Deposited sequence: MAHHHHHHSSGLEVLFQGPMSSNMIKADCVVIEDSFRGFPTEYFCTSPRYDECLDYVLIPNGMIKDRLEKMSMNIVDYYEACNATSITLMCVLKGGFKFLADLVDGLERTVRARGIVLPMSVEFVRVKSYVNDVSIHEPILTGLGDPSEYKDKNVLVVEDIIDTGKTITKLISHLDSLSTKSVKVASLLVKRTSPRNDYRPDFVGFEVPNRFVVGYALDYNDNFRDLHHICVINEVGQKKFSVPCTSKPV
């Protein structure tokens, strides 16, 4: 459950020094997690997931992508998993299933209060071999729940980008950023 903990002292990275979608010129305060940061973290995370599912003699695993917030995370994550199982010479069959007794790894976007991931975990437990949750981001409240694999622990702010949406928008953004009030007013109701 230990991860890259973004402290509330971190002010982020201003958008002017990166490549963001020109569509969101005035709508972003700063970049929180660059895209390459996400990739680099997902490498080590892929190693952790693989060696965990080898410590337990798992015959196979099935990733469950929760659309549409976890697609980029699932894509890069599957790249890292196939890469790791490729280099290490293991024979670990992985399946991918998208939803809006087998080993199930939930591929989620972010945990805020946990009311959504717990209904899923209780939905698959309604007779499954195993149920695990992997979340790219985690929100620091503290919440009583934590996923099994966590990439980043972020402050109590609303983030967008990397297929994370603020009212069905900002998904085509390359990095993980925090909206300001201008974009909030522009894309909310």
query = Hey, which stretches of the deposited sequence didn't make it into the model?
reply = 1-26, 127-151, 178, 194-195, 244-250
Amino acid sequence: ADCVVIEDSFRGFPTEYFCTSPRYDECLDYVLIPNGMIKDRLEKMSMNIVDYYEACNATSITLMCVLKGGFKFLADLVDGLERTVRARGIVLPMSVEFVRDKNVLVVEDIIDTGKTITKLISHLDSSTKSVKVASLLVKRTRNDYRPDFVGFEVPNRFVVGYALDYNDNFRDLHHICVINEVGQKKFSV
From here on, numbers count along this sequence of modelled residues.
note = Higher of the two mean Cα B-factors (116-124, 149-157; per PDB record) comes from 116-124
note = When mean C-alpha B-factors in the record are compared for 80-88 and 103-111, the larger belongs to 103-111
request  = In terms of CA temperature factor as recorded, identify the highest of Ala55, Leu137, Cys65, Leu42.
outcome  = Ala55
ask   = In terms of the chain's CA B-factor thirds, is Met37 lowest, middle or highest?
value = middle
ask   = With respect to C-alpha B-factor, does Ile61 fall in the lowest, middle or highest third of the chain as deposited?
value = middle
note = By the entry's values, the third containing the CA B factor of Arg23 is the middle
